[PDB]
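Trainee: Structure supplied as query.cif; contents: mmCIF, C-alpha atoms and all ligand atoms.
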```cif
data_query
loop_
_atom_site.label_atom_id
_atom_site.label_comp_id
_atom_site.auth_asym_id
_atom_site.auth_seq_id
_atom_site.Cartn_x
_atom_site.Cartn_y
_atom_site.Cartn_z
CA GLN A 28 17.66 41.92 7.08
CA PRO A 29 21.35 43.06 6.73
CA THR A 30 22.48 46.63 7.51
CA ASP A 31 25.12 46.73 4.71
CA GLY A 32 22.53 46.99 1.84
CA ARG A 33 22.06 43.35 0.82
CA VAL A 34 18.41 42.31 0.41
CA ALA A 35 17.49 38.89 1.74
CA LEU A 36 14.56 36.79 0.58
CA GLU A 37 11.47 37.27 2.83
CA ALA A 38 9.75 33.87 2.59
CA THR A 39 6.26 32.95 3.84
CA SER A 40 3.79 30.09 3.11
CA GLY A 41 0.92 32.61 2.62
CA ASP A 50 -3.96 27.64 12.52
CA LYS A 51 -2.17 24.22 12.65
CA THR A 52 -0.71 23.94 9.07
CA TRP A 53 3.06 23.73 9.97
CA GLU A 54 4.87 22.60 13.13
CA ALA A 55 7.93 24.26 14.77
CA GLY A 56 11.11 23.03 13.07
CA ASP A 57 9.42 22.12 9.69
CA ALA A 58 11.98 22.71 6.93
CA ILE A 59 11.70 23.50 3.20
CA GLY A 60 14.31 23.67 0.43
CA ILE A 61 14.29 26.88 -1.68
CA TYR A 62 15.89 27.60 -5.04
CA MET A 63 16.41 31.01 -6.60
CA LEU A 64 16.40 30.60 -10.40
CA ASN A 65 17.65 32.61 -13.36
CA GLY A 66 15.58 30.89 -16.04
CA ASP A 67 16.48 27.20 -15.52
CA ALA A 68 19.80 27.90 -13.84
CA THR A 69 20.22 27.81 -10.09
CA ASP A 70 21.62 31.14 -8.84
CA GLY A 71 24.24 30.22 -6.24
CA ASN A 72 23.67 27.07 -4.13
CA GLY A 73 20.33 25.38 -4.68
CA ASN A 74 18.19 23.61 -2.06
CA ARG A 75 18.68 26.34 0.59
CA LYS A 76 17.37 25.20 4.00
CA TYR A 77 14.59 27.40 5.47
CA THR A 78 12.63 26.54 8.62
CA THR A 79 9.52 27.80 10.35
CA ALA A 80 8.79 28.17 14.12
CA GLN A 81 5.16 29.29 13.41
CA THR A 82 2.18 26.87 13.08
CA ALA A 83 -0.14 29.34 11.19
CA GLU A 84 -0.98 29.16 7.43
CA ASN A 85 0.71 32.58 6.83
CA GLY A 86 3.86 31.42 8.76
CA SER A 87 7.20 32.99 7.87
CA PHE A 88 10.32 30.91 7.05
CA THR A 89 13.85 31.73 8.19
CA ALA A 90 17.08 30.73 6.50
CA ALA A 91 19.29 28.24 8.34
CA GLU A 92 22.69 29.80 9.14
CA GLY A 93 24.77 30.36 5.99
CA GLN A 94 21.72 29.45 3.76
CA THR A 95 20.27 32.98 3.28
CA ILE A 96 19.24 33.77 -0.30
CA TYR A 97 20.05 37.35 -1.36
CA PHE A 98 18.53 39.14 -4.33
CA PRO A 99 20.89 40.28 -7.15
CA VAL A 100 22.31 43.71 -6.25
CA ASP A 101 21.69 44.88 -9.91
CA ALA A 102 17.88 44.70 -9.11
CA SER A 103 17.39 42.08 -11.90
CA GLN A 104 14.56 39.57 -11.40
CA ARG A 105 14.66 35.90 -10.34
CA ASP A 106 12.12 33.09 -9.90
CA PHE A 107 11.62 30.95 -6.81
CA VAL A 108 10.59 27.36 -6.20
CA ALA A 109 10.44 25.27 -3.00
CA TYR A 110 9.60 21.82 -1.72
CA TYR A 111 8.77 20.07 1.56
CA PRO A 112 10.15 18.15 3.45
CA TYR A 113 13.69 19.46 3.06
CA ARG A 114 16.44 16.86 2.32
CA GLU A 115 20.11 17.77 2.88
CA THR A 116 21.13 15.77 -0.22
CA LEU A 117 18.83 15.28 -3.21
CA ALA A 118 19.44 12.77 -6.00
CA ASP A 119 21.49 14.03 -8.96
CA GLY A 120 19.73 16.86 -10.82
CA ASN A 121 17.53 18.14 -7.89
CA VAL A 122 15.41 14.97 -7.57
CA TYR A 123 13.38 14.00 -4.50
CA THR A 124 13.00 10.19 -4.18
CA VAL A 125 9.63 9.13 -2.69
CA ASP A 126 9.24 5.94 -0.61
CA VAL A 127 5.77 5.43 0.96
CA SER A 128 6.63 1.88 2.39
CA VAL A 129 7.04 3.50 5.85
CA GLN A 130 3.85 5.43 6.74
CA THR A 131 4.69 6.76 10.23
CA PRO A 132 5.24 9.70 10.73
CA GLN A 133 2.97 10.85 7.86
CA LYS A 134 4.65 14.33 7.72
CA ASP A 135 8.03 12.73 6.70
CA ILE A 136 6.55 11.29 3.46
CA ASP A 137 4.10 14.16 2.72
CA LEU A 138 5.94 15.54 -0.37
CA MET A 139 4.76 19.05 -1.31
CA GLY A 140 5.88 21.47 -4.00
CA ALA A 141 5.39 25.27 -4.09
CA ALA A 142 4.16 26.79 -7.39
CA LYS A 143 6.89 28.78 -9.09
CA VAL A 144 6.87 32.50 -8.06
CA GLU A 145 8.17 34.53 -11.03
CA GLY A 146 9.86 37.91 -11.51
CA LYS A 147 10.88 38.97 -8.02
CA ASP A 148 13.67 41.45 -7.36
CA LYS A 149 15.30 43.35 -4.43
CA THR A 150 12.59 46.13 -4.61
CA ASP A 151 9.97 43.54 -3.52
CA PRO A 152 11.73 40.63 -1.79
CA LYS A 153 8.56 39.05 -0.33
CA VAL A 154 7.75 35.59 -1.74
CA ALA A 155 4.59 33.78 -0.61
CA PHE A 156 5.01 30.07 -1.36
CA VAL A 157 1.75 28.17 -1.96
CA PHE A 158 2.39 24.46 -1.38
CA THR A 159 0.38 21.59 -2.91
CA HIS A 160 0.63 17.92 -1.96
CA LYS A 161 2.21 15.75 -4.72
CA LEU A 162 0.84 12.45 -3.28
CA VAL A 163 -2.59 11.15 -2.14
CA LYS A 164 -4.14 11.13 1.34
CA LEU A 165 -6.43 8.32 2.57
CA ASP A 166 -8.68 9.23 5.54
CA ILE A 167 -10.72 6.30 6.88
CA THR A 168 -13.38 6.35 9.60
CA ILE A 169 -14.62 2.99 10.89
CA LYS A 170 -18.00 2.45 12.58
CA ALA A 171 -20.09 -0.57 13.50
CA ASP A 172 -23.59 -1.13 12.09
CA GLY A 173 -24.85 -0.80 15.74
CA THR A 174 -26.83 -4.04 15.31
CA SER A 175 -24.72 -7.16 14.62
CA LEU A 176 -21.70 -5.26 16.01
CA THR A 177 -20.92 -2.26 18.26
CA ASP A 178 -18.03 0.20 18.00
CA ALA A 179 -16.51 -1.59 21.06
CA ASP A 180 -16.38 -4.88 19.05
CA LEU A 181 -14.13 -3.09 16.47
CA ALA A 182 -11.50 -2.05 19.07
CA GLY A 183 -8.06 -2.80 17.64
CA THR A 184 -9.17 -3.06 13.96
CA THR A 185 -6.15 -2.77 11.61
CA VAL A 186 -6.35 -1.43 8.04
CA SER A 187 -4.11 -2.09 5.04
CA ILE A 188 -4.31 -1.37 1.27
CA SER A 189 -3.12 -3.89 -1.34
CA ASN A 190 -1.09 -3.81 -4.59
CA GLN A 191 0.58 -0.48 -4.02
CA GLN A 192 3.49 1.01 -5.91
CA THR A 193 5.78 2.50 -3.24
CA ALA A 194 8.55 4.39 -5.17
CA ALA A 195 8.30 7.68 -7.08
CA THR A 196 10.45 10.67 -8.13
CA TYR A 197 9.88 14.40 -8.27
CA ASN A 198 12.12 17.09 -9.70
CA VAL A 199 11.94 19.90 -7.07
CA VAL A 200 13.05 22.60 -9.58
CA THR A 201 10.78 21.45 -12.51
CA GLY A 202 7.74 21.00 -10.30
CA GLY A 203 4.66 19.41 -11.82
CA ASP A 204 3.69 15.85 -10.95
CA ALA A 205 5.64 13.13 -9.21
CA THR A 206 6.44 10.11 -11.46
CA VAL A 207 5.84 6.58 -10.22
CA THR A 208 8.86 4.28 -10.83
CA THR A 209 7.23 0.85 -11.14
CA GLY A 210 8.47 -1.97 -8.95
CA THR A 211 6.96 -4.88 -7.08
CA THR A 212 3.45 -4.12 -5.65
CA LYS A 213 3.26 -4.05 -1.81
CA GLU A 214 0.62 -4.16 0.95
CA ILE A 215 0.70 -0.88 2.89
CA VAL A 216 -0.38 -0.99 6.54
CA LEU A 217 -2.27 2.25 7.31
CA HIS A 218 -1.71 4.10 10.65
CA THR A 219 -4.70 3.59 13.06
CA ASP A 220 -5.77 5.70 16.05
CA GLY A 221 -8.89 4.15 17.49
CA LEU A 222 -11.50 3.85 14.77
CA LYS A 223 -9.60 6.22 12.41
CA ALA A 224 -6.97 5.16 9.86
CA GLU A 225 -4.82 7.27 7.57
CA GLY A 226 -2.25 6.84 4.87
CA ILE A 227 -0.28 8.62 2.15
CA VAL A 228 -0.13 6.68 -1.11
CA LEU A 229 1.08 7.26 -4.66
CA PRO A 230 -1.17 8.64 -7.41
CA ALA A 231 -2.62 5.87 -9.63
CA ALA A 232 -4.40 6.13 -12.99
CA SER A 233 -6.48 3.09 -11.87
CA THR A 234 -7.40 1.74 -8.40
CA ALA A 235 -8.24 -1.69 -10.01
CA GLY A 236 -6.85 -4.61 -8.01
CA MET A 237 -6.56 -2.46 -4.85
CA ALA A 238 -8.42 -3.55 -1.77
CA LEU A 239 -8.74 -2.32 1.81
CA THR A 240 -8.38 -5.13 4.39
CA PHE A 241 -9.97 -4.70 7.83
CA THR A 242 -8.76 -7.24 10.44
CA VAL A 243 -11.17 -7.21 13.41
CA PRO A 244 -9.70 -8.86 16.58
CA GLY A 245 -13.16 -8.92 18.24
CA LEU A 246 -14.38 -11.27 15.47
CA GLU A 247 -11.44 -13.71 16.25
CA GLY A 248 -9.11 -11.81 13.85
CA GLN A 249 -11.58 -12.08 10.91
CA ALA A 250 -10.55 -10.09 7.82
CA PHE A 251 -13.01 -8.12 5.62
CA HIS A 252 -11.92 -7.01 2.11
CA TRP A 253 -13.35 -4.13 0.09
CA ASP A 254 -12.45 -3.16 -3.51
CA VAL A 255 -11.25 0.48 -3.69
CA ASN A 256 -12.37 0.67 -7.38
CA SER A 257 -16.02 -0.10 -6.35
CA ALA A 258 -16.26 3.42 -4.75
CA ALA A 259 -17.83 6.19 -6.86
CA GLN A 260 -15.19 8.78 -5.87
CA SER A 261 -12.05 6.60 -6.32
CA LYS A 262 -11.73 4.88 -9.76
CA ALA A 263 -8.25 6.52 -9.70
CA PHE A 264 -6.07 8.18 -7.06
CA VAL A 265 -5.45 11.82 -8.15
CA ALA A 266 -2.34 13.68 -6.83
CA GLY A 267 -3.05 16.41 -4.26
CA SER A 268 -6.40 14.83 -3.25
CA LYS A 269 -7.79 13.45 0.01
CA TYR A 270 -10.06 10.34 -0.23
CA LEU A 271 -12.38 10.08 2.74
CA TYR A 272 -13.95 6.70 3.40
CA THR A 273 -16.61 5.90 6.00
CA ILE A 274 -16.58 2.14 6.63
CA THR A 275 -19.61 0.53 8.24
CA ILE A 276 -18.78 -2.96 9.49
CA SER A 277 -21.40 -5.68 10.04
CA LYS A 278 -21.07 -9.47 10.58
CA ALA A 279 -22.47 -9.85 7.02
CA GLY A 280 -19.72 -7.57 5.61
CA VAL A 281 -18.58 -4.00 5.07
CA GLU A 282 -20.13 -1.01 3.30
CA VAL A 283 -18.35 2.15 2.32
CA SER A 284 -19.30 5.76 1.55
CA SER A 285 -16.65 7.81 -0.20
CA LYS A 286 -15.77 11.48 -0.72
CA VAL A 287 -12.87 13.13 -2.55
CA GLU A 288 -11.61 16.61 -1.61
CA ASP A 289 -8.67 18.78 -2.61
CA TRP A 290 -6.05 17.98 0.05
CA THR A 291 -5.74 21.13 2.29
CL CL A 301 1.87 10.46 11.77
#
```
So, in terms of structure tokens, how does the structure I just supplied come out?
Ligand SMILES: [Cl-]
Mentor:
Amino acid sequence: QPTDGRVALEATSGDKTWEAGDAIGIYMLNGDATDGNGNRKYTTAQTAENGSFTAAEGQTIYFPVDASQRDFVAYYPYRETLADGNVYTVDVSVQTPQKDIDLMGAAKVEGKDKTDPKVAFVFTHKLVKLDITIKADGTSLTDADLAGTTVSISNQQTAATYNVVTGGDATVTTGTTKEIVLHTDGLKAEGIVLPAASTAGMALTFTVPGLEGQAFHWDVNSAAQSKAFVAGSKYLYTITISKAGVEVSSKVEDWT
């Protein structure tokens, strides 16, 4: 904090939630108008859920000296240049690293002034997380037989937009449907995909090298918990693979 009376924003996200260097863009608003430069770069060095953010040099947001109130919004991951009108363009074609496509928005924090400059940003994911666990039936196949299994999801939209000042939901901008290869780490696969009103036509493909590269297909819409992909949710699938085919158990959770 300065020693010549100016009151800087004290930003927090209030064990392994963030990673050192993670950056957010903050806006201080007077109604709909951006007060000063928007998209101010703030970073964290803390990993904890209650981690504090620090302004990049020359990016510090100061409260109005007249003690009038302002509102605050933020988004992750920070982009130096947004599309015209404070718009974040989503592209989920490239899955790795997951953190670089994990778009999050902080709920608007209203009516703050220099007498209480602490703003606790609560971020929510704007996209959808897929968390897949693969296991063998233990009869026709063993977990060892599934070593190297790859996972992909079909007929995906890959482009969306999000206004970082407006908040609310991301909007899918329809284009040509694509197969998205999910990131695998042993018998675990993960992905970040766009929200979808219907999962019809979407299938998970499991290519098992052990079974001479044989591919198993499973319809996402056949699961009880995923007739749609809801923004800010995590879909957990447990895939049991047998020579006769695959079986899946599903769970949906708020993504946290
Ligand atoms: Cl990753």
Trainee: Residues near segment 251-254 of chain A, anyone? I mean within 7 Å using all atoms listed in the file, not counting same-chain ones fewer than 4 positions away, as a ChimeraX atom specification.
Mentor: /A:237-242,280-281
Trainee: Just to confirm, what's the straight-line distance from atom CA of residue 132 of chain A to atom CA of residue 227 of chain A in Å (one decimal)?
Mentor: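 Spanning atom CA of residue 132 of chain A to atom CA of residue 227 of chain A is a straight-line distance of 10.3 Å.
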Trainee: List all protein, DNA and RNA residues that have at least one atom no more than 10 Å from any atom of ligand CL 301 (chain A), counting all atoms listed in the file, and write them as a short mmCIF file (atom, residue, chain, number, x, y, z; two decimals) with C-alpha atoms, keeping the file's coordinate frame.
Mentor:
```
data_model
loop_
_atom_site.label_atom_id
_atom_site.label_comp_id
_atom_site.auth_asym_id
_atom_site.auth_seq_id
_atom_site.Cartn_x
_atom_site.Cartn_y
_atom_site.Cartn_z
CA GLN A 130 3.85 5.43 6.74
CA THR A 131 4.69 6.76 10.23
CA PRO A 132 5.24 9.70 10.73
CA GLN A 133 2.97 10.85 7.86
CA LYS A 134 4.65 14.33 7.72
CA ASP A 135 8.03 12.73 6.70
CA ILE A 136 6.55 11.29 3.46
CA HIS A 218 -1.71 4.10 10.65
CA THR A 219 -4.70 3.59 13.06
CA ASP A 220 -5.77 5.70 16.05
CA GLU A 225 -4.82 7.27 7.57
CA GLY A 226 -2.25 6.84 4.87
#
```
Trainee: Of the candidates A:121, A:257, A:39, A:104, which one gets nearest to residue 85 of chain A if we count only C-alpha atoms?
Mentor: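 Of A:121, A:257, A:39, A:104, the one nearest residue 85 of chain A is A:39, counting only C-alpha atoms.
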Trainee: Produce a table with one row for each residue of segment 227-290 of chain A that has an atom at most 10 Å from any atom of segment 190-205 of chain A, each row naming the nearest atom pair and its distance in Å at one decimal; use all atoms listed in the file; arrange rows by chain and rising residue number; format as CSV.
Mentor:
```
residue,atom,partner,partner_atom,distance
A:228,CA,A:193,CA,7.5
A:229,CA,A:192,CA,6.8
A:230,CA,A:205,CA,8.4
A:231,CA,A:192,CA,8.6
A:234,CA,A:190,CA,9.2
A:235,CA,A:190,CA,9.2
A:236,CA,A:190,CA,6.7
A:237,CA,A:190,CA,5.6
A:238,CA,A:190,CA,7.9
A:266,CA,A:204,CA,7.6
A:267,CA,A:204,CA,9.5
```
Trainee: Would you export the selected residues with C-alpha atoms as a short mmCIF file (atom, residue, chain, number, x, y, z; two decimals), keeping the file's coordinate frame, please?
Mentor:
```cif
data_model
loop_
_atom_site.label_atom_id
_atom_site.label_comp_id
_atom_site.auth_asym_id
_atom_site.auth_seq_id
_atom_site.Cartn_x
_atom_site.Cartn_y
_atom_site.Cartn_z
CA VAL A 228 -0.13 6.68 -1.11
CA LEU A 229 1.08 7.26 -4.66
CA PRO A 230 -1.17 8.64 -7.41
CA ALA A 231 -2.62 5.87 -9.63
CA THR A 234 -7.40 1.74 -8.40
CA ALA A 235 -8.24 -1.69 -10.01
CA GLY A 236 -6.85 -4.61 -8.01
CA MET A 237 -6.56 -2.46 -4.85
CA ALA A 238 -8.42 -3.55 -1.77
CA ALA A 266 -2.34 13.68 -6.83
CA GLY A 267 -3.05 16.41 -4.26
#
```
Trainee: Taking all atoms listed in the file into account, which of A:30, A:159, A:233, A:208 comes nearest residue 124 of chain A?
Mentor: A:208
Trainee: Which residue out of A:150, A:275, A:82, A:74 has the minimum interatomic distance to residue 222 of chain A when all atoms listed in the file are used?
Mentor: A:275
Trainee: Could you check how far atom CA of residue 55 of chain A sits from atom CA of residue 161 of chain A, in Å to one decimal?
Mentor: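 Computing it gives 22.0 Å between the two atoms.
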Trainee: Interatomic distance between atom CA of residue 83 of chain A and atom CA of residue 41 of chain A?
Mentor: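 Atom CA of residue 83 of chain A sits 9.2 Å away from atom CA of residue 41 of chain A.
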Trainee: Write out as a list in words which residues come within 12 Å of residue 171 of chain A when counting only C-alpha atoms, dropping same-chain ones fewer than 3 positions away.
Mentor: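 Contacts, in chain order: residues 168, 174, 175, 176, 177, 178, 179, 180, 181, 182, 184, 222, 243, 245, 273, 274, 275, 276, 277, 278, 279, 280, 281, 282 and 283 of chain A.
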Trainee: I want to know what sits within 10 Å of segment 70-72 of chain A, based on all atoms listed in the file, with residues of the same chain fewer than 2 positions away left out; could you give that as a list in words?
Mentor: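 Close residues of segment 70-72 of chain A: residues 61, 62, 63, 64, 65, 66, 67, 68, 74, 75, 94, 96, 97, 98, 99, 105 and 106 of chain A.
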Trainee: Restrict the selected residues to C-alpha atoms and save them as a PDB file, in the coordinates of the input.
Mentor:
```pdb
ATOM      1  CA  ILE A  61      14.290  26.880  -1.680  1.00  0.00           C
ATOM      2  CA  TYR A  62      15.890  27.600  -5.040  1.00  0.00           C
ATOM      3  CA  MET A  63      16.410  31.010  -6.600  1.00  0.00           C
ATOM      4  CA  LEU A  64      16.400  30.600 -10.400  1.00  0.00           C
ATOM      5  CA  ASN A  65      17.650  32.610 -13.360  1.00  0.00           C
ATOM      6  CA  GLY A  66      15.580  30.890 -16.040  1.00  0.00           C
ATOM      7  CA  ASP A  67      16.480  27.200 -15.520  1.00  0.00           C
ATOM      8  CA  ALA A  68      19.800  27.900 -13.840  1.00  0.00           C
ATOM      9  CA  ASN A  74      18.190  23.610  -2.060  1.00  0.00           C
ATOM     10  CA  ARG A  75      18.680  26.340   0.590  1.00  0.00           C
ATOM     11  CA  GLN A  94      21.720  29.450   3.760  1.00  0.00           C
ATOM     12  CA  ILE A  96      19.240  33.770  -0.300  1.00  0.00           C
ATOM     13  CA  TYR A  97      20.050  37.350  -1.360  1.00  0.00           C
ATOM     14  CA  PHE A  98      18.530  39.140  -4.330  1.00  0.00           C
ATOM     15  CA  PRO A  99      20.890  40.280  -7.150  1.00  0.00           C
ATOM     16  CA  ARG A 105      14.660  35.900 -10.340  1.00  0.00           C
ATOM     17  CA  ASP A 106      12.120  33.090  -9.900  1.00  0.00           C
TER      18      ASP A 106
END
```
Trainee: Could you tell me which of A:59, A:117, A:271, A:246 comes closest to residue 258 of chain A if we count only C-alpha atoms?
Mentor: A:271
Trainee: Given the point (11.9, 13.9, -1.0) in the file's coordinates, find the residues that have an atom at most 7 Å from it, counting only C-alpha atoms, and give them as a VMD selection string.
Mentor: chain A and resid 112 114 123 to 125 138
Trainee: Would you kindly return, as JSON, numbers by chain, each protein, DNA or RNA residue with an atom no farther than 8 Å from any atom of residue 270 of chain A, considering only C-alpha atoms and excluding same-chain residues fewer than 3 positions away?
Mentor: {"A": [163, 164, 165, 166, 260, 261, 285, 286, 287, 288]}
Trainee: Of the candidates A:31, A:92, A:84, A:126, which shows the shortest atom-to-atom distance to residue 54 of chain A, using only C-alpha atoms?
Mentor: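 Checking each candidate against residue 54 of chain A, we get A:84 as the closest.
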Trainee: Check the smallest atom-to-atom distance from each of A:169, A:263, A:109, A:207 to residue 284 of chain A using all atoms listed in the file, then report the winner.
Mentor: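 So, comparing all the options, the nearest one is A:169.
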